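quick one, fold the following:
(3 chains, ligands or ions: 6)
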Amino acid sequence: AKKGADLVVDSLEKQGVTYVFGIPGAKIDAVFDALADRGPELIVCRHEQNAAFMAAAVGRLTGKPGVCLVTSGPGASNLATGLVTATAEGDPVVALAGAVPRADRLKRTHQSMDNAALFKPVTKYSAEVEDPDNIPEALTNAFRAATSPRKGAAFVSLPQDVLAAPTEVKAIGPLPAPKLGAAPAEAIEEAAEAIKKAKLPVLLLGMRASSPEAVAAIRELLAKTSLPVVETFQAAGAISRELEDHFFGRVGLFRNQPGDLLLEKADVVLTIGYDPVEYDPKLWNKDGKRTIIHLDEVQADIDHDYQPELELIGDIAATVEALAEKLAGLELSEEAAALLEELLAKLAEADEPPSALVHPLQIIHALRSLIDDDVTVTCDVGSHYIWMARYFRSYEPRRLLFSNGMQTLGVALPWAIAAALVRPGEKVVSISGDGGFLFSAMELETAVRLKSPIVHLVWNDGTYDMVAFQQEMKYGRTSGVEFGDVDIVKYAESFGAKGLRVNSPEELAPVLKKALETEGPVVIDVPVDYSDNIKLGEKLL
Amino acid sequence: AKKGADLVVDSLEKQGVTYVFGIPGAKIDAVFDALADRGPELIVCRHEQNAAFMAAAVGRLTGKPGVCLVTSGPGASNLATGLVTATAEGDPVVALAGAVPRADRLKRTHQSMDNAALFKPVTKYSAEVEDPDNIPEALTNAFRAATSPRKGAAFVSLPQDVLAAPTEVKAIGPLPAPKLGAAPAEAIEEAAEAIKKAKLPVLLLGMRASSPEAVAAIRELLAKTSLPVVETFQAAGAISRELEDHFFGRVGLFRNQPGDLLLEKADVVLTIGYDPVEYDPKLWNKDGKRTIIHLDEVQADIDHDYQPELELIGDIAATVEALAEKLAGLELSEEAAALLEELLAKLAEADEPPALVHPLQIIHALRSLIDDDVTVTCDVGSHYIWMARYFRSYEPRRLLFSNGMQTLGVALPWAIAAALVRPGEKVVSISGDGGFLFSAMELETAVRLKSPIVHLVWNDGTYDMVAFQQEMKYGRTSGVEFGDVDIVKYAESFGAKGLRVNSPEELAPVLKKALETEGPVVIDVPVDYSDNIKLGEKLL
Amino acid sequence: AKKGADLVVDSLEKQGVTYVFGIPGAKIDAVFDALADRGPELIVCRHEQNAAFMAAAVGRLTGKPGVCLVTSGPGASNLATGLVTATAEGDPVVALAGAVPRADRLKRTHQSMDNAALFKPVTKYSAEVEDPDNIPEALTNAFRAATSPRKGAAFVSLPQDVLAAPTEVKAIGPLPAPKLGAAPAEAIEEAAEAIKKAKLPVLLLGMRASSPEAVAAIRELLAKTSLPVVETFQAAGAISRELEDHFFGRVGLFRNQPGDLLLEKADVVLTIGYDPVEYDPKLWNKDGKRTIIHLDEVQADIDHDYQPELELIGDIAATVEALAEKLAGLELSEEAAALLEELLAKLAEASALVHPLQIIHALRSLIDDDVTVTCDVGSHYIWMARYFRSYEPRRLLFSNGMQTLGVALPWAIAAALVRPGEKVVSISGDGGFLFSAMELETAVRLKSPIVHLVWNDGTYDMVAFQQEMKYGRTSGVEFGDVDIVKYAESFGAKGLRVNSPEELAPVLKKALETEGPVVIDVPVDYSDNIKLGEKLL
Ligand SMILES: Cc1ncc(C[n+]2csc(CCOP(=O)(O)OP(=O)(O)O)c2C)c(N)n1
Ligand SMILES: Cc1ncc(C[n+]2csc(CCOP(=O)(O)OP(=O)(O)O)c2C)c(N)n1
Ligand SMILES: Cc1ncc(C[n+]2csc(CCOP(=O)(O)OP(=O)(O)O)c2C)c(N)n1
Ligand SMILES: [Mg+2]
Ligand SMILES: [Mg+2]
Ligand SMILES: [Mg+2]
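Residues are numbered from 1 along each chain as shown, chains lettered A, B, ... in the order given. Ligands and ions are numbered 1, 2, ... in the order given. Structure as follows:
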């Protein structure tokens, strides 16, 4: 006989799952025993939060779900943040959690909890299997749900006794969630005329635009047009070095960017793969003096300040390259040419440098200058994520990963561990702050164990700056943002990672190159100069 | 100056809502006051249940959401079944419910209840607005959610104080929910080859295949091919009288039909707009010796016994007429020609009738007396098995079933709505003795609207579907017998005309007079239910 | 061999469930087959809604859960309103519903639904059992949850295959949910002192005061004191004809009653079994600085205008009799005596159509204290709540927690089952009557000794006269006519009509003498209903 836990592993190996991020427990150790002989490799993590973070990173970089595996109760509830972040940022994840047996469901036993009810608000798919026979079906649809447009987390609760119960059904095959056609040809033609008749057409790329397939088709469009482009944070990597002329910056949390002015002067905006989570439409479209065209894999959500005049629902890559044929050779007006060149001048101006503290822009330029396009960069949340988002340039798809949907602390380091597994042989850079670093720093042990070729930069200010300089704006006074010091170099070494410090701005470029040449995980303490951070919230008008 | 309630009506005005089925209350009477001055016509209903039944009928027939409007607490909770039936059967509805004010939400006060949490398991979209400014956005997205593929119910809870609070925001224009392209051209080409290589290809049409646009593209294809089609109860209407040769019956609750045998012998099945709610794949694909091709607006759910080898997701109409081009002139094998002819004989044979009137002679009498411009609505029960498998409907959405939830009572409210969507047409409703009373209150609404309805009550004195299934499993019924209600008296309490068929010889006359009768009519039909156990027989 | 469904009936037998109001279906017919050979009697209903109303009535009248039994999907969802009403009005109910099998949970198949999630907002207990062995435990606790203080509805979803799966576990024996002690004796003494110092103390009885055990202890206290009392609608029946001197009306939906004044002039209010669902505290404790003492079986919920200075949590009957010993023989202030007498005087001051008061006085004069009277919701429920006096516990049942339409007639069928040999009177309006009128067939089937009065006005007056107050215009309240006599006779019940005010008393007496169900059409005069919401305070 073969039990339900066997049939979980079989399902996972039908999906081609190469790794599983887990922490074992009594209610789930059946599956961990099955994995001992066969199936995906098991990355033992040091907190379930980071196992979900790693699963989301796999989703972001491959487009197929990453997999975490945890036990009942506390193990399951430690996924909560990990899966909201996945779901909100379009990262496919399949979370597998144990549960008490079916007879103990309604009982007060150790670690009993309504797993499925908890994860309903934070997943595309939350379910508990109550028959071992249905495990193959539940998991296949969970994977398909996580991969289907508007990607996200699929949670499946597995009772201890169903995992141990015998079953004779086979695992379901690899059944790929399929792709769509392009938007209707009449709609694509309608959007084309609008763009041609426009005086300042602008492209707004969003979180779904930055997939390899979408980026290839978008670059194809930009090669054939004069079309200006602005990016949401997670759209990074769409334009290339070749097409950098089309790039007018990343529109962010405050409407104070050259990209925001460009969106205002537009009379026609083609949003591609645009999710409002990254940029509230009330920020850039308040007056409603623009035709919006919504190109996306799923219809739009209507805001007061987001009323698509047209929607091109279908495969972004298919619709855009159908639209490229219709827009090929479109040139811009001379008054648009003047406007765009002037904005590039402002864009290059803010990307210039200004104590033994290293200013954030010196970090960005030094690091960009030291890594090729074949290095993935992950980034935590904080003021450092504002600086990176608006000034660090990534020219190949999905080489600069941000948490801009839920903005959760700690993602950087686990994402980097996952990034190195997805992309072996490649260095990976992870950027965090002093506060968020401790949200996930436990996985430095997992990094050292995998010898992850990681270089983590901890920007040290001593405070939770993003929340602070916002508090200063609203109240003239921070509150609850200060914390004591931890020696980042000594911290790295307790884990057997290499720890370095940048005690001068003169010292930054040398420390980076030694760390990049260093084999195995490395953590660099960067005392950072946050004098200018309040300016990130300043207003243009 | 404008309050939140005004901005609800303005939103309804923007979606082109013609009617709103409502029952007022303290917490929602702001909106009922705004409807008094302008906006959709308000059909006062006699139970919130039937307002949601009608809302779903509007969605079934127009493809745009029907709207019900109810108050807090009891008004809201009486929508529950109406919204699960709408969601499970792809009927767009937007249910609007009042709630206690924001300051009273966490308090134990009259009619307080977590509206949004209650409807989460039973809707596409369950939300409570907590700012009057957000009303136009919440309702637009609720409407777009109901009409997004896999259509269903969108519930919006409306706190009293929000409806009364002022606001200056404008209503949001009609932002139509958009349609997809055809499935990728390489996938359509791949499906076409499989069908040409297939010894016996069969189409399985489902609940999404019976839309006007889908049906138009399906008929075009069948005009250009020799393709056999089997339908799920709610796929009714897809095949016209011209293409009736292609039709091999409706596959149902039991695997005992010629259409089931045809699905078995197929080596390639192209499912169009197929939702398994109507027919478990365990029931017709148990051996898994078929190429399944899933054509639909949304990807499939994987069963053990449903693993499509190809999926063509996209606008069904676009994908089908793309595929019609590739398959034009496809011919059957001569061994397929023989097989299908033999099955049509088995199909014609079962569709043959023997003081009670047999279910078949009802169907033949009724079909013979109503044109294709007459909508027919059916309740759930043994009558719904007879109607689903033996009443033929040849124009899209002229035979409405509850085959997703199998909810009792739907028939009569569905007819009241159907007559409002299609004025100047007769509407026939079919129910049994038990299900009629679930919804019989709305006969007052029908008389009020003078709905041109002709409601047939298949009278047996029991809940036969539950019984003959109980007899199959346990050799004994339990809790299926109930006392008799004079259907003719019942109709006349409400001011409707009541007729009874005392003899089979009297059926055709009684039908014709009822159809010529202006205003609602209820017909008591004493039926012969000796043969109903045979609907569940194992014949294969 | 024993299956899970057998073990569902065995559990019910252990709870002493006499009747089960149900509608069978494919997913639950296992239990309907088990119920065919033994155990609880099955009342076939004509809508699950009503099955839940009848179950709630059994809970209201016995204090032990009533039981309804339905199938998956539509059968389950037709309980929603029934169970939130029960839960809001403290009526113990155990709802049992079929569900698709455990392998088809996550499948898009007929009548599949998240039963447990749906009923979480509406019950004190919503669960699906996924192991037949766990059936006796899940039910026992469900029954105990429904009977537990702050009683309400417990929902149990039963997968079809679990019902069919073998099991050898036994059922669990009647597990009586237990009783509490009286509140701490220090707290009772503390409250007692506050009352003796008070110049005008007032009791506010609520929905948990009207249980038999509470009422007996309350009457004992009132016999030994000069305490004035005011009731919530569902507190009806607390005060006997002997102690009517203590009763100062039922505080209602508007703050315009003599009872609302005594509440204002009170310097101390001892609330007993008080649930704010019946009367929002902002209506009476709004303006003043009266000491609130919360006596109840569960702690209070803090309102801005309800901040008790003391709480006596525990068995209400034990607490009030302990407090009766501390307050025996306490007599009123002369300033309180004058006040009370004046407001008894304000109290007793209260066309072919019949005026609502004439109905109330005719009916009250015709029926004993051994006649249950149920009432629907509508303007008639205002007239009955304020002016129909009920002198024995739980003989006047109102839906004053959810205010759901249709409860009256099903409540009466259930009431006749729990109290056989007694006539039952049910009162409804033209609108609410059609919400539940189907069950007239069930009534005829059981020959329930019911007399149903339809106050026939032509509209939904409560909303109408409230709409008039707020907007000066009704909207959506008017509906066509139904012949209530012809309707009754469709079902084989007798139908009667009062064509004259002079004909009312005769037809009631003929209806009361008539055996089996009766529906009386009453054309009612609703001119004065606007005044129910008038200011007089
Ligand atoms: C899990 C989580 N906790 C808290 C926050 C709120 N938050 C956002 S940025 C921030 C400050 C982070 O400080 P640090 O990581 O040191 O970066 P800095 O802003 O100092 O550069 C906080 C507390 C969040 N978004 N997610
Ligand atoms: C709301 C609801 N309640 C109960 C059921 C279960 N059920 C399915 S068929 C049926 C019998 C219907 O009786 P009737 O309308 O007289 O039809 P018949 O089977 O006698 O033709 C019942 C109770 C259901 N499907 N929906
Ligand atoms: C199930 C339900 N539906 C609607 C309401 C709102 N409501 C409360 S009273 C009422 C009027 C009922 O009219 P009727 O029953 O005829 O009594 P009347 O006020 O006319 O005496 C309405 C619509 C409710 N509380 N519960
Ligand atoms: Mg910091
Ligand atoms: Mg019947
Ligand atoms: Mg009325």
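
helix, strand, or coil at the closest residue to residue A:271 other than its chain neighbours?
Spatial nearest neighbour of residue A:271, excluding adjacent residues (CB to CB, 6 or more residues apart in numbering or on different chains): residue A:204 at 4.3 Å. (C-beta placed from N, C-alpha, C; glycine too.) Taking DSSP: H, G, I helix; E, B strand; the rest coil as the rule, one finds residue A:204 in the strand state.

now swap in residue A:393 and tell me
Assigned with three-state DSSP, residue A:393 falls in the coil class.

does it touch residue A:371 like I think?
No - contact between residue A:393 and residue A:371 fails when scored by CB atoms under 8 Å: they sit 11.1 Å apart.

correct me if wrong: residue A:51 contacts residue A:71.
No - between residue A:51 and residue A:71 no contact is recorded; they are 11.5 Å apart, counting by CB under 8 Å.

what's the overlap in contacts for the two?
Taking CB atoms under 8 Å, 6 or more residues apart in numbering or on different chains as the criterion, residue A:51 and residue A:71 both touch residue A:23.

mind checking which of the two has more residues around it?
Using other CB atoms under 10 Å in any protein chain shown as the criterion, residue A:51 and residue A:71 rank with residue A:51 on top: 32 against 25.

what's near enough to touch that one?
Applying CB under 8 Å, 6+ apart, the residues near residue A:51 are A:21, A:22, A:23, A:43, A:45, A:68, A:69, A:70, A:79, A:82, A:414.

repeat that for 10 Å
A:20-23, A:43-45, A:66-70, A:75, A:78-79, A:82, A:93, A:95, A:414, A:418, A:443, A:446 (CB atoms under 10 Å, 6 or more residues apart in numbering or on different chains).

who does the closest residue to it other than its chain neighbours form a beta bridge with?
Nearest non-adjacent residue to residue A:51, counting by CB to CB, 6+ apart: residue A:21, 3.6 Å away. Judged by DSSP bridges, the bridge partners of residue A:21 are residue A:43, residue A:68.

in terms of contact, does residue A:21 touch residue A:417 like I think?
Yes - using CB atoms under 10 Å, residue A:21 is in contact with residue A:417, at 9.0 Å.

mutual contacts of these two, please.
A:43, A:45, A:50, A:53, A:54, A:57, A:443, A:446.

quick one, strands of the stretch 101-250 of chain A?
All strands of the stretch 101-250 of chain A, identified by DSSP state E, counting those that start in this stretch, fall at A:125-128, A:153-159, A:166-167, A:201-205, A:229-231, A:247-250.

which of these is buried the deepest?
Greatest average neighbour count among these goes to strand A:153-159 (a mean of 29), per mean count of other CB atoms under 10 Å in any protein chain shown.

CA-only coordinates of it in CSV, if you can.
Presented in CSV, the C-alpha positions along strand A:153-159 are these (Å, rounded to 0.1, in the frame of the first residue of the first chain):
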residue,chain,number,x,y,z
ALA,A,153,-0.5,31.6,-2.8
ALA,A,154,-2.4,28.3,-2.7
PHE,A,155,-2.7,26.8,0.8
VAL,A,156,-3.6,23.2,1.4
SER,A,157,-4.1,21.7,4.9
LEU,A,158,-3.2,18.0,5.3
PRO,A,159,-4.6,16.1,8.2
